[PDB]
> 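Please read through the structure below; I'll follow up with questions.
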Amino acid sequence: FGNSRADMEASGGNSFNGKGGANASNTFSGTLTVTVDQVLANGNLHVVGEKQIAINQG
Amino acid sequence: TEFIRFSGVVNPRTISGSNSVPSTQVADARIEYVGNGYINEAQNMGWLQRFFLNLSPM
Ligand SMILES: O=C(O)[C@H]1C[C@@H](O)[C@@H](O)[C@@H]([C@H](O)CO)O1
């Protein structure tokens, strides 16, 4: 060890960060009167309805 | 002039008391509330602006 033959110095680093996300929301707060389309074998009713409103410009 | 027009199909059992039925109980609700005159004309986009809106990129 007379010289710096044994003198040693070293550093090392490794950092990793990963992220991920997702969202999906929906809301509906109306009331619509529909009409029966047909009666199924079990008695369930197929209902279809439509409502058109022309407030102004569309 | 303002025109308010309504059309639909009403079940003759949701009519309550004084021959009144909420529009939400009417099937095939067609509601129009339109206007005339320069007041209504001022709410139209204009031909050039409409063309730009429908065609102009971005
Ligand atoms: O004993 C040896 O072998 C050495 C001692 C140091 O001086 C080393 O660095 C080397 C040098 O290169 C000679 O020129 O010689």
Side-chain angles (χ1 to χ4, degrees):
Chain A
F1 322 92
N3 296 342
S4 281
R5 321 183 221 238
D7 279 33
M8 186 264 315
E9 177 105 62
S11 298
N14 207 313
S15 64
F16 168 82
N17 279 61
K19 281 183 343 203
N23 308 262
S25 75
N26 69 300
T27 63
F28 222 122
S29 168
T31 286
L32 177 64
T33 292
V34 298
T35 307
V36 172
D37 199 76
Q38 51 164 347
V39 184
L40 310 185
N42 56 14
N44 284 349
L45 316 160
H46 186 255
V47 295
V48 68
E50 190 206 274
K51 157 152 55 190
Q52 322 189 346
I53 304 178
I55 293 315
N56 82 329
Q57 319 307 333
Chain B
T1 307
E2 289 171 55
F3 311 84
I4 306 183
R5 27 181 76 103
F6 181 90
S7 175
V9 173
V10 68
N11 165 37
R13 204 156 157 187
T14 63
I15 309 169
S16 75
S18 38
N19 239 16
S20 150
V21 56
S23 82
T24 61
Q25 306 279 313
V26 181
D28 295 18
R30 291 324 173 259
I31 313 166
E32 200 175 8
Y33 184 9
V34 289
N36 273 73
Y38 63 80
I39 288 180
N40 165 71
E41 293 152 22
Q43 285 148 189
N44 283 58
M45 190 140 275
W47 52 280
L48 189 59
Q49 195 173 5
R50 191 92 175 254
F51 289 168
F52 271 128
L53 189 71
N54 298 328
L55 301 148
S56 95
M58 257 153 273

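Within every chain, numbering begins at 1; the chains are lettered A, B, ... in the order of the sequence lines, protein sequences first and strands thereafter. Side chains included, hydrogens not; waters and symmetry mates left out as well; all remaining heavy atoms used.
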> With a 6.0 Å cut-off (strictly less than), is the heavy-atom count around CZ of B:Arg5, excluding the residue itself, greater than 12?
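Above 12, so yes.
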> Would you check if A:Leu32 and A:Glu50 make a side-chain contact, meaning some heavy-atom pair closer than 4.5 Å?
no
> How long is the span from the CD1 atom in B:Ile31 to the CD1 atom in A:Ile55, to the nearest 0.5 Å?
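Answer rounded to 0.5 Å: 7.5 Å.
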> Between the side chain of A:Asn3 and the main-chain N/O of A:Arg5, is any donor-acceptor distance below 3.5 Å?
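No, A:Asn3 side chain to A:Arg5 backbone: no donor-acceptor pair under 3.5 Å.
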> Would the number of heavy atoms belonging to other residues, nucleotides or ligands and lying under 6.0 Å from CG of A:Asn42 be above 12?
yes
> State the CD-NE2 distance between A:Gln38 and A:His46, to the nearest 0.5 angstrom.
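Rounded to the nearest 0.5 Å, the CD-NE2 separation comes to 6.5 Å.
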> More than 12 heavy atoms of other residues, nucleotides or ligands under 6.0 Å from CZ of B:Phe51: is that the case?
no
> For residues B:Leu55 and B:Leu48: do they belong to one hydrophobic cluster (side chain heavy atoms under 4.5 Å, members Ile, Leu, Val, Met, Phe, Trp, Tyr)?
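Same cluster.
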> A quick test of your reading: do over 12 heavy atoms of other residues, nucleotides or ligands sit less than 6.0 Å from CZ of B:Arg30?
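Yes.
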> Assigning hydrophobic clusters by single linkage (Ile, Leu, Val, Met, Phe, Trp, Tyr; side-chain heavy-atom cutoff under 4.5 Å), is B:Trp47 placed with B:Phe52?
yes
> Once you round to the nearest 0.5 Å, how far does OH of B:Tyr38 lie from CG of B:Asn44?
15.5 Å
> A side-chain contact here means heavy atoms from C-beta on lying under 4.5 Å apart; do A:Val39 and A:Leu45 qualify?
yes
> Can you measure from CG (B:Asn36) to CD (B:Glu2) and round to the nearest 0.5 angstrom?
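Between B:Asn36 CG and B:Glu2 CD, I get 10.0 Å after rounding to 0.5 Å.
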> Under 3.5 Å, is there a donor-acceptor pair between the side chain of A:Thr35 and the main chain of A:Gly49?
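Not a single qualifying donor-acceptor pair exists.
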> Can a donor-acceptor pair be found, under 3.5 Å and without considering hydrogens, that links the side chain of A:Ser4 to the backbone of A:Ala6?
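Side chain of A:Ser4 to backbone of A:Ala6, a donor-acceptor pair under 3.5 Å: no, none is there.
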> Going through the distances and angles, do B:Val26 and A:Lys51 end up as a side chain to side chain contact (heavy atoms under 4.5 Å, CB included)?
CA-CA 9 Å; B:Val26 181; A:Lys51 157 152 55 190; over 6 Å; no
